[PDB]
Every structure is written in C-alpha cells, then in structure tokens.
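Remarks on the structure that follows.
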Amino acid sequence: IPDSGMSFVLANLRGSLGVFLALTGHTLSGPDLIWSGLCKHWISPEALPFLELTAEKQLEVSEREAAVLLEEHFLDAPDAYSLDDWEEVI
Amino acid sequence: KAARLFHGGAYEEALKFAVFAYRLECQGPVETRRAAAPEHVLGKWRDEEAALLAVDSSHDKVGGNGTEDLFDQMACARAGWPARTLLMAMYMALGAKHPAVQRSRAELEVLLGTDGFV
Amino acid sequence: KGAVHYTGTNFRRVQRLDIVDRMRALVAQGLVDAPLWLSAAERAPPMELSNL
Amino acid sequence: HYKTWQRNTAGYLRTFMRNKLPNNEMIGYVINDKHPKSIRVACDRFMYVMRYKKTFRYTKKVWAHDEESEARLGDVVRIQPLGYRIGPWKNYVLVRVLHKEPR
Amino acid sequence: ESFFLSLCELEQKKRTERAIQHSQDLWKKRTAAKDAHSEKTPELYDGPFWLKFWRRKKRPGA
Amino acid sequence: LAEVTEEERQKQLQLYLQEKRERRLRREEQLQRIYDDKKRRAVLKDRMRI
Amino acid sequence: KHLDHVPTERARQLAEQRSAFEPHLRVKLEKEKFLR
Amino acid sequence: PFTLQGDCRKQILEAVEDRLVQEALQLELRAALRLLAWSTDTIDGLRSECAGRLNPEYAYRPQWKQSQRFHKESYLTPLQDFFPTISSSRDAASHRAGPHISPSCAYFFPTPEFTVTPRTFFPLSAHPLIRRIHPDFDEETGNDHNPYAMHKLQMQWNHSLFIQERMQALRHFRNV
Amino acid sequence: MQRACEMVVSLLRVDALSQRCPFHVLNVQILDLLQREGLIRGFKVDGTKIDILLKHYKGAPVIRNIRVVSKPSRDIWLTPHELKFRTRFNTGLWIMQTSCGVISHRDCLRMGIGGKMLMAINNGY
Amino acid sequence: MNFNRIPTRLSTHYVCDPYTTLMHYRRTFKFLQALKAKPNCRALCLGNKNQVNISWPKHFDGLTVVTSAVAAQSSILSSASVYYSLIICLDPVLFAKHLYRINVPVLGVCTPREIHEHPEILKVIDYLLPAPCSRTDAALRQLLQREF
Numbered sequence: 183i184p185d186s187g188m189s190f191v192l193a194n195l196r197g198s199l200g201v202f203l204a205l206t207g208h209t210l211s212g213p214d215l216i217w218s219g220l221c222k223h224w225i226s227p228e229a230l231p232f233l234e235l236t237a238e239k240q241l242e243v244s245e246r247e248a249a250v251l252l253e254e255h256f257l258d259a260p261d262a263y264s265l266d267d268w269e270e271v272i
Numbered sequence: 451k452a453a454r455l456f457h458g459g460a461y462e463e464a465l466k467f468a469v470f471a472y473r474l475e476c477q478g479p480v481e482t483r484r485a486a487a488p489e490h491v492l493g494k495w496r497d498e499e500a501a502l503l504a505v506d507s508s509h510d511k512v513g514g515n516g517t518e519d520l521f522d523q524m525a526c527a528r529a530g531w532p533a534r535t536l537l538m539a540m541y542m543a544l545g546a547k548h549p550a551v552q553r554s555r556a557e558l559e560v561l562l563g564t565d566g567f568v
Numbered sequence: 001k002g003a004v005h006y007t008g009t010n011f012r013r014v015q016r017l018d019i020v021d022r023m024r025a026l027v028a029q030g031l032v033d034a035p036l037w038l039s040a041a042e043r044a045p046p047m048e049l050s051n052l
Numbered sequence: 001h002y003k004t005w006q007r008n009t010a011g012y013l014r015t016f017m018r019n020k021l022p023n024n025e026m027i028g029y030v031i032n033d034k035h036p037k038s039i040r041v042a043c044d045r046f047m048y049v050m051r052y053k054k055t056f057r058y059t060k061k062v063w064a065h066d067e068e069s070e071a072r073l074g075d076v077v078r079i080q081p082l083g084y085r086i087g088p089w090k091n092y093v094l095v096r097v098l099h100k101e102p103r
Numbered sequence: 001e002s003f004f005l006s007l008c009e010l011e012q013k014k015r016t017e018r019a020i021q022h023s024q025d026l027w028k029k030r031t032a033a034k035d036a037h038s039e040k041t042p043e044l045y046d047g048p049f050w051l052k053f054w055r056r057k058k059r060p061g062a
Numbered sequence: 145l146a147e148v149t150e151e152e153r154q155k156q157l158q159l160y161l162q163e164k165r166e167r168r169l170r171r172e173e174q175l176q177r178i179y180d181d182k183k184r185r186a187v188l189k190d191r192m193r194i
Numbered sequence: 019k020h021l022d023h024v025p026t027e028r029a030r031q032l033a034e035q036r037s038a039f040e062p063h064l065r066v067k068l069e070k071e072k073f074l075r
Numbered sequence: 362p363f364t365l366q367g368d369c370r371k372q373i374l375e376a377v378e379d380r381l382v383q384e385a386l387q388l389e390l391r392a393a394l395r396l397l398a399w400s401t402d403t404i405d406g407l408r409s410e411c412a413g414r415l416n417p418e419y420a421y422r423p424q425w426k427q428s429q430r431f432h433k434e435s436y437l438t439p440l441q442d443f444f445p446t447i448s449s450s451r452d453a454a455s456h457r458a459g460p461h462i463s464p465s466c467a468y469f470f471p472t473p474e475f476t477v478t479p480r481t482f483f484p485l486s487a488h489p490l491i492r493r494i495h496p497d498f499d500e501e502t503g504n505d506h507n508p509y510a511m512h513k514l515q516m517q518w519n520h521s522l523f524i525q526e527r528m529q530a531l532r533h534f535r536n537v
Numbered sequence: 001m002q003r004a005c006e007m008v009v010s011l012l013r014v015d016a017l018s019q020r021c022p023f024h025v026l027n028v029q030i031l032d033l034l035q036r037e038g039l040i041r042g043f044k045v046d047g048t049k050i051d052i053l054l055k056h057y058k059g060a061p062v063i064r065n066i067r068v069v070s071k072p073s074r075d076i077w078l079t080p081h082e083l084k085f086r087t088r089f090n091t092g093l094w095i096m097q098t099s100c101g102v103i104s105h106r107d108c109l110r111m112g113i114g115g116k117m118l119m120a121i122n123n124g125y
Numbered sequence: 001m002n003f004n005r006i007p008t009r010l011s012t013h014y015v016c017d018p019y020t021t022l023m024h025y026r027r028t029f030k031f032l033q034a035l036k037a038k039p040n041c042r043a044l045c046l047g048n049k050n051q052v053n054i055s056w057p058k059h060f061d062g063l064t065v066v067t068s069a070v071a072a073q074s075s076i077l078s079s080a081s082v083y084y085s086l087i088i089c090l091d092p093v094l095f096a097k098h099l100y101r102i103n104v105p106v107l108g109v110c111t112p113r114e115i116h117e118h119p120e121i122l123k124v125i126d127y128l129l130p131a132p133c134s135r136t137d138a139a140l141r142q143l144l145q146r147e148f
C-alpha cells in the first residue's frame with residue numbers, strides 16, 4: 183500500500199488520474215508533471231545556489247514583501263502534454 | 451595437500467588451499483563464510499553503532515601462530531610463521547604476471563576486508 | 001615598523017551599505033526630509049553584488 | 001615564598017598537584033648503579049613563576065636503596081622518603097620498578 | 001526456511017565478486033605504468049637556471 | 145557531635161561510590177577504541193608483507 | 019602513520035566506483072535559453 | 362493574495378486541505394498493519410524485487426494468489442487499546458478478534474490511532490525574563506513547557522534507543 | 001598543538017571564499033563549536049588539508065578579531081571563579097578545553113569545572 | 001605578431017553569467033515601474049564624449065565649473081540630487097570619484113572586462129544592469145530601445 187500519505191495527492195489530481203497512475207504505474211517526466219497537477223513551479227536547479235548569495239537583503243523587507251522577491255526565480259511552462267486527448271478515456 | 455597438487459601440475463587448485471590455511475589461523479575458526487567481511491571491519495573513522503552491538507568478546511580474540519601472535523609480528527620484523535612462508539613461496543614460483551597468481555593476489559585483499567586502502 | 005600586520009589593520013573590514021540603508025538612517029535621524037522616491041526603492045531593494 | 005593571593009591561582013595549584021604524590025613519593029630514572037645495593041634516582045620537579053606565568057623543569061638527583069637489586073641503569077622507578085639517615089649517601093627506599101631496560 | 005536470512009547471503013556474495021574483478025584490473029594498470037618508466041633514458045633538465053630563487057625577502061622586522 | 149559525624153560519613157561513602165563508577169566507565173570506553181584500532185593495524189601489516 | 023585510516027578525497031571516489039559492476064563522474068554545462 | 366477578498370479565499374483551501382490529509386493518513390495506517398498480518402503473498406513480492414535490483418537474472422515473477430471476493434470494509438476498521446471491558450469486550454484491542462499489539466507499546470503511544478500533537482511555534486528559553494515572552498507560558502508553574510510531556514517526545518526520536526530494541530529482536534528471531 | 005595556532009591566519013581573510021588548513025585531530029573538533037555559533041559556513045576534510053569556507057555579511061566578514069591565548073610553549077589555566085572576572089560584559093567567544101571534551105566559555109561556568117582558555121573569537125581588549 | 005607573455009589562467013566572470021541576467025532585468029523592471037507611476041519624475045542620462053551615436057544637449061543642469069586651485073577631489077554633481085531622481089551612468093570607471101557618496105540611485109551599465117579589472121565600481125553602483133556584447137554603450141542602448 184502507498185505509505186507517507188501518498189493517496190492524498192493522487193486523489194486530488196484532475197479527474198481520476200491517480201487511479202490509472204497507481205494500478206498501471208504509468209511513468210511521467212518533463213513538463214507533464216507540472217501540467218498534471220503534482221507540482222506547481224518550474225524552478226531551475228541553478229537558482230538554489232544563487233539564493234545563498236543574496237539572502238542578506240530578505241530580512242530588511244516585511245514578511246509579505248519577502249514572498250514577492252522569491253517569485254522572480256519561477257520560469258514559464260512549455261506547451262507539451264502527452265495525455266491531452268487520452269484524459270477523457272481514463 | 452597443497453604440496454601434492456603443485457607437484458602434480460594443478461596450479462589454480464593449489465592456491466585455494468594456501469589462502470584457506472593462512473586465513474584459518476588469522477581470522478579464527480570462523481572461516482567457512484567464503485565472502486567479504488559483513489560490515490564488521492572496526493577501527494575505521496565514524497564507525498556505525500549498529501555493528502558494535504552485533505558482536506561480543508568473541509571478536510576480541512586474535513589469531514596467529516602457536517607461540518607468537520599477530521601483535522608480536524608487528525613489533526618484530528624478523529619473526530614469522532609457516533602460514534606466511536608457504537603462501538609467499540608460490541607467488542614467486544609462478545611469477546607476478548601469471549593470471550592465477552594475479553587472481554589469487556587480489557582475492558586476499560577482499561577476503562581480509564581491506565580492499566581500497568589509501 | 002609600518003604596515004607590518006598582514007592579518008590586522010592592513011585589511012579593512014568596513015561594512016558596505018547601499019542607498020536604501022544609508023537613506024533609512026538619515027531620515028530617521030531627522031537630518032534630511034523623506035524624498036518622493038524613497039518608497040519606490042523600498043519595495044524592490046537592489047540585488048547584492050559583493051557576494052556574487 | 002608565595003603570597004596569600006598566589007595560593008589560589010590555577011597555575012600554582014596545577015603545579016602543586018603534579019609535584020605532590022602519596023607518601024611524598026617521587027618518580028625518577030636511575031643513572032648510577034655501581035655500588036652494591038645502591039642506585040641514584042634522578043627525579044624531575046616543577047615550579048611556578050608568578051611574573052611571566054611560565055613553568056620550568058629542574059632535575060633533582062638523589063640516592064636510593066634496593067634490597068634485591070632488581071633495578072638497573074636507565075630504568076624508571078619509584079622512591080619513598082624516610083624519617084632517618086642511613087649510610088653516607090643513602091636517603092631513600094625502593095618500592096617497585098615500572099619499566100625495565102633490556103639488559 | 002527463512003526468507004530474510006537468505007537475502008543477505010546473495011547480497012554479500014555478489015558484492016565480493018564485484019570487488020575481486022575491480023581490484024585485479026586496478027593492479028594490472030598500476031604496475032604497467034611503472035614498467036615503462038624504468039625502461040627509458042632519464043630526462044636531463046635543460047631549462048632556465050635557478051639564479052633568482054636563492055635570496056628571499058621574508059617578513060620585515062620582528 | 146556524634147550526630148554530625150555520622151551524617152558526614154554517609155556523604156563520603158556516596159561520593160566515593162559515584163566517582164568509582166564514573167572513572168570505571170570512562171576508562172573502559174577509551175580502551176575499546178585503542179583495541180579496535182590496534183587489531184586493524186596488525187592484520188593490515190601482515191597483508192603488506194605478502 | 020601510513021596505515022592510518024583517514025577519509026581522503028580519492029578514497030571515497032573509489033568506493034562509489036567499486037559498486038558499479040563492469062556510472063562514472065559527469066558534468067553539466069550552463070543552460071543558455073534565448074526566450075529568457 | 363493582496364486584497365481582502367482574495368485573502369479570504371486562501372483560508373478555505375487551507376481548511377479543507379488540513380482535514381483531508383488527516384483522514385487519508387488515519388486510514389492509510391489502518392490498512393498497513395492489517396495487510397502485513399493477514400496477506401501472506403507480500404513476502405514473495407518483497408524478495409523478488411529486492412533480489413532483482415542487483416541484476417535482472419535474480420528477478421522472478423511469483424504467482425501471487427487467486428482472486429477472491431472481499432468486503433473491502435474490514436481493512437478500514439478503527440482500532441484502540443483500552444483496558445475498560447466491563448461492557449462485554451467493548452474494545453478488546455484492534456477490532457473484536459483482530460491482531461493485537463505487544464504490551465511494550467503502551468508506553469510511548471497510549472493508543473494505536475494516529476493523532477496530532479500540539480507542537481510549539483516559538484523557541485524555548487531558560488532565563489525567567491525570556492520565558493515571560495513565550496506565548497505558551499502558564500503563570501501557575503513559571504515554565505513554558507511540560508517536563509512530563511517533553512520527556513517522552515525525546516525518547517521517541519532517538520536512533521540510539523531504537524538500535525538496541527531492533528538488535529534484541531533480531532537475535533531472538535535468528536536463535537529461535 | 002602547533003597546528004591549532006596556524007588556523008587563525010587562514011580563517012582571518014577578507015577577499016577570499018575558501019582557505020585550506022592542515023589536517024589535525026584537535027583542529028576538527030574546534031570547527032564544530034564555531035559552526036554552532038554561526039561563524040563558519042562549513043568545512044570539508046580534503047585529505048592532507050581541510051577546506052574551510054568563509055562567511056560574509058554586507059561585505060565585511062563575520063570574524064573581525066582573533067586572539068590566541070594558549071601557546072605551545074606554555075599553558076593558561078583559570079579557576080571557575082576567575083573566568084567570570086576575565087570574561088564580563090562582552091559578547092566574545094572563548095574556547096575552553098575541559099576534561100569532558102571541548103566546550104565554550106558559557107558552558108564551562110555552568111558546570112563549574114576548571115577549563116583551559118585556548119583562543120578568543122570576536123574579542124576586544 | 002606578438003612577442004609578449006602568453007597567459008595561462010583563465011578567470012571566470014560570474015557577475016555577467018547568462019543565468020544571472022534573468023534576475024537582473026526582473027528586479028530592475030520592478031523599481032522603474034513603481035517610480036514612473038509617481039508624478040513629476042525626472043531622470044539623468046550621463047555618458048561620455050566619445051559616444052557620438054548618442055545625441056547630447058549644449059547646457060547641462062547641475063554642472064559646476066571649478067579651478068585647479070583648491071580642487072582636492074571636488075564633487076561635480078554635488079547639487080544633482082534636487083531636480084533629478086535617477087541617474088543612468090554609462091562610464092562608471094570614469095565617474096567613480098564623484099558618485100562615491102551620491103544621494104541618488106545609480107543605474108550603471110559596465111562590462112565584464114572593467115568589472116573584473118576595476119571591482120571598485122560595484123560599491124557606487126546600486127542596480128547592476130548587464131550589457132550584451134559589451135563593446136560600446138553608444139550603440140548598445142539604441143538596439144534595446146529599438147527592439148522590433
């Protein structure tokens with residue numbers, strides 16, 4: 183049985199996508215993860231090291247203003263989906 | 451048995467008995483387990499506590515020869531025992547580049563659980 | 001005698017302060033009035049360059 | 001002589017402890033074992049300086065007595081004082097031998 | 001018949017074989033390089049002399 | 145004075161027992177590390193000789 | 019001293035490589072995107 | 362969110378999400394314990410995949426078991442460990458006749474159900490002046506934490522204590 | 001003991017990111033205490049030498065002054081009641097070498113045991 | 001031909017990294033967007049004489065003419081923090097001693113070659129802006145302002 187509370191995410195996906203992904207075990211990679219509903223950001227690995235160099239200017243701003251600055255690292259998602267037409271069948 | 455096999459012509463089989471006897475007296479009665487040490491190589495940096503509680507005083511027992519021991523050989527460079535003389539007499543007899551000698555030479559490093567030392 | 005301290009006063013350790021920090025002190029101290037562009041840079045402070 | 005305030009500093013207390021042993025015992029190495037039942041034990045002591053706050057070392061060679069004459073030259077031993085005077089030079093008694101030099 | 005105990009028997013046995021082969025190859029290449037070095041004419045230095053590296057300028061004063 | 149003497153005697157016995165256990169445990173731990181390391185050197189040295 | 023067990027750089031590198039049966064060091068280049 | 366209308370909507374999402382995760386985790390644990398004590402085919406599957414990681418040659422496909430009808434309700438039944446039984450076995454451990462837990466499990470976790478602990482959100486302190494600033498600081502004792510409650514929390518998160526317990530069980534299984 | 005005093009020269013740099021240091025058993029333990037206080041970003045043993053990173057804030061480094069008290073030629077010892085007088089009304093960091101390992105000056109007074117002043121971090125006069 | 005010494009060590013430039021430019025423009029855009037919203041905002045475009053591609057006026061407000069006598073690092077743009085609110089310097093290397101203690105934001109646009117050789121310009125510049133191709137600022141800003 184899936185542990186670590188994995189059923190919560192699967193049951194929260196768009197439609198009955200989690201059921202098909204669990205019984206069959208379909209593999210997904212690339213932009214499909216963010217488009218399916220699992221993740222919500224597409225930050226590149228090169229952003230994490232840079233955050234350690236400009237972290238001294240985060241305490242000067244208020245709490246709300248801190249989250250706005252972190253939004254500059256998120257990029258856009260490309261147009262690509264393999265289950266665009268197969269979702270209705272599932 | 452090792453001497454008879456070497457005289458007859460069996461070379462690969464002869465080295466098997468030499469390592470068997472050398473490790474018998476070195477590693478103690480516990481030798482049937484023909485494999486690497488089961489994560490029991492103590493004395494290394496940042497030793498795991500899981501393997502410390504899996505042993506007892508039995509592990510403390512040191513091998514060696516009848517009269518002397520392993521510790522005695524470390525201090526005195528002239529001391530020795532037949533278990534090492536017999537094994538050393540075979541590497542030079544068949545050379546250093548011999549396939550079988552090369553295979554047996556590397557086996558001792560892994561059987562004793564010390565391969566990869568820097 | 002003279003500059004014989006490789007590890008000492010020879011190597012200055014003065015803090016680097018940007019315009020946002022310097023202006024914040026003068027306005028609070030009452031030395032200079034608050035300009036119209038003070039709040040513009042407060043919401044988007046400049047990126048640190050010394051650590052880069 | 002040490003002042004009243006000089007007897008409470010850690011520097012002086014540490015030196016005192018090293019010098020101080022049960023029964024006023026001492027540690028030294030034998031350097032002369034020529035005369036019968038006689039051995040000269042060289043003991044090392046310590047002292048504290050309240051000016052520069054540094055401790056030095058000075059050797060103290062003394063004579064000892066041995067019954068079985070087990071000790072030999074260059075062998076660290078233990079000595080014990082006595083409340084009398086025996087012989088022209090003998091002023092100490094052996095207890096045991098810690099280390100033994102080969103021959 | 002124990003299922004968990006038998007699992008460790010295979011893991012240890014397979015790990016031993018991997019080390020034996022890796023060690024054999026490492027020793028073969030280690031000795032091969034040394035043999036070539038001991039069969040060539042020594043290289044005689046012909047570069048600039050060390051005339052300026054004799055005197056040094058350490059920390060001034062104390 | 146007898147009452148005070150008995151009270152002080154109990155404190156000395158308790159302190160002596162507590163110190164004995166602390167030293168015994170600390171000394172035993174140090175010996176284990178040295179013994180484990182010494183064994184490794186002895187077996188390793190014989191391997192190099194071969 | 020030569021028999022001492024000290025964690026060096028090459029010592030750990032060899033341990034990881036031994037696990038791979040006969062999985063090596065790899066590097067990645069900077070990502071240059073024109074749409075950025 | 363930045364506006365009042367937008368900020369209120371975020372509260373609704375956080376409320377439903379907090380409740381769904383609690384129910385999913387509670388039911389997830391119930392099916393995990395019963396399956397390991399009843400399903401016998403799980404042993405073959407674990408060994409097949411474990412042996413296949415080193416090389417595909419050691420991987421074998423087991424037969425599993427023939428399909429059979431089930432009530433699909435017994436695996437999600439509540440379980441409790443309560444001593445009062447004057448009501449004709451009111452609880453009687455997990456279910457009326459289900460698998461029971463060891464007596465030693467009555468020290469850290471008084472109940473087998475997965476609950477939620479009230480973890481603090483501010484750092485603790487030892488000086489009296491700093492303790493007065495902590496939100497959870499009662500005036501009837503002068504302390505910002507309960508020693509009895511925190512004593513058990515530290516024991517649970519301890520690798521050294523777990524190793525000794527795990528080692529003792531392994532020796533018993535191997536010897537007998 | 002000599003190698004311990006050689007760490008101040010390498011760690012006391014402004015225009016630098018990482019500096020090497022000779023490997024030593026006692027040196028490894030010292031770095032652990034400093035990291036807890038937030039003075040060292042991190043360190044790694046690279047074999048014969050240890051690579052230690054440097055922490056900076058607004059240009060200037062976190063470490064501004066290092067004083068070596070203990071030296072190989074002598075030994076400074078202070079009683080529990082004497083360390084308080086020495087260290088008072090200050091934010092400095094004094095490394096204390098007690099029998100039960102190595103701890104800071106704040107913990108030495110709590111236990112009341114006689115430590116040994118090794119070095120000073122962020123200390124004035 | 002060349003008879004000089006050939007360098008061996010190649011220094012890397014992380015300030016003008018291709019990835020770092022992503023955050024530089026994003027952060028700079030936010031500051032300008034908020035400033036233009038307010039009324040009565042003026043800027044300053046300081047360049048160099050060699051920049052022929054950029055047209056310049058005859059008179060320049062805030063310019064102070066001084067003499068050689070008693071001119072120990074006199075500040076030319078001392079009074080340029082009254083009428084203006086944003087200066088965009090194009091030659092930080094030349095204008096380094098005057099903008100040391102300026103009370104206005106400086107949007108300097110330097111090149112990696114000068115930044116590595118003259119790191120002192122980092123303290124005076126508040127918002128760092130990249131410069132693709134890093135050859136001549138006169139023809140560099142024109143392309144950006146005339147995109148598509």
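Protein sequences, first through last, are from chains W, V, G, R, H, L, A, B, P and S.
The first sequence lines up with residues 183 to 272 when you count with PDB author numbering.
The second sequence lines up with residues 451 to 568 when you count with PDB author numbering.
The third sequence lines up with residues 1 to 52 when you count with PDB author numbering.
The fourth sequence lines up with residues 1 to 103 when you count with PDB author numbering.
The fifth sequence lines up with residues 1 to 62 when you count with PDB author numbering.
The sixth sequence lines up with residues 145 to 194 when you count with PDB author numbering.
The seventh sequence lines up with residues 19 to 40, 62 to 75 when you count with PDB author numbering.
The eighth sequence lines up with residues 362 to 537 when you count with PDB author numbering.
The ninth sequence lines up with residues 1 to 125 when you count with PDB author numbering.
The tenth sequence lines up with residues 1 to 148 when you count with PDB author numbering.
Ideal placement from N, C-alpha and C gives every residue a C-beta, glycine not left out.
For a quick check, are the C-beta atoms of residue i and residue j less than 8 angstroms apart?
i	j	result
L54/P	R41/P	yes
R45/R	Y58/R	yes
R473/V	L544/V	no
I88/S	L46/S	yes
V95/R	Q80/R	yes
Out of curiosity, what's the CA-to-CA distance linking residue i and residue j?
i	j	result
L175/L	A485/V	30 angstroms
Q529/B	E9/H	21 angstroms
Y14/S	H24/S	13 angstroms
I39/R	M17/R	27 angstroms
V93/S	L118/P	47 angstroms
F95/S	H59/S	19 angstroms
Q145/S	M23/G	31 angstroms
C476/V	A533/V	9 angstroms
What residue range is occupied by the uninterrupted beta strand (DSSP E) comprising residue i?
i	result
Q80/R	76 to 80
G28/R	26 to 32
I404/B	Unbroken run through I404/B is the alpha helix (DSSP H), 403 to 415; no beta strand (DSSP E).
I88/S	87 to 89
Assuming residue i and residue j are in contact, meaning their beta carbons sit under 8 angstroms apart, how far apart are those beta carbons, in whole angstroms?
i	j	result
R36/A	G566/V	7 angstroms
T472/B	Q517/B	The pair is not a contact, with the Cβ atoms about 14 angstroms apart (cut-off 8 angstroms).
If I follow the unbroken alpha helix (DSSP H) through residue i, where does it start and stop?
i	result
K54/R	Note, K54/R: premise wrong, no alpha helix (DSSP H); beta strand (DSSP E) at 54 to 65.
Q19/P	Where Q19/P is concerned, there is no enclosing alpha helix (DSSP H), although the beta strand (DSSP E) it sits in stretches over 18 to 22.
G92/P	Element bounds for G92/P: n/a, residue is neither H nor E.
At a cut of 8 angstroms, does the segment 125 to 138 of chain S reach the segment 67 to 82 of chain S through at least three beta carbon pairs? No, the segment 125 to 138 of chain S is not in contact with the segment 67 to 82 of chain S.
Looking at C-beta atoms only, is the number of pairs between the segment 14 to 31 of chain H and the segment 57 to 74 of chain R that lie closer than 8 angstroms three or more? no
Would the segment 404 to 423 of chain B and the segment 453 to 471 of chain B be scored as touching if the rule is three or more Cβ pairs under 8 angstroms? No: fewer than three Cβ pairs fall under 8 angstroms.
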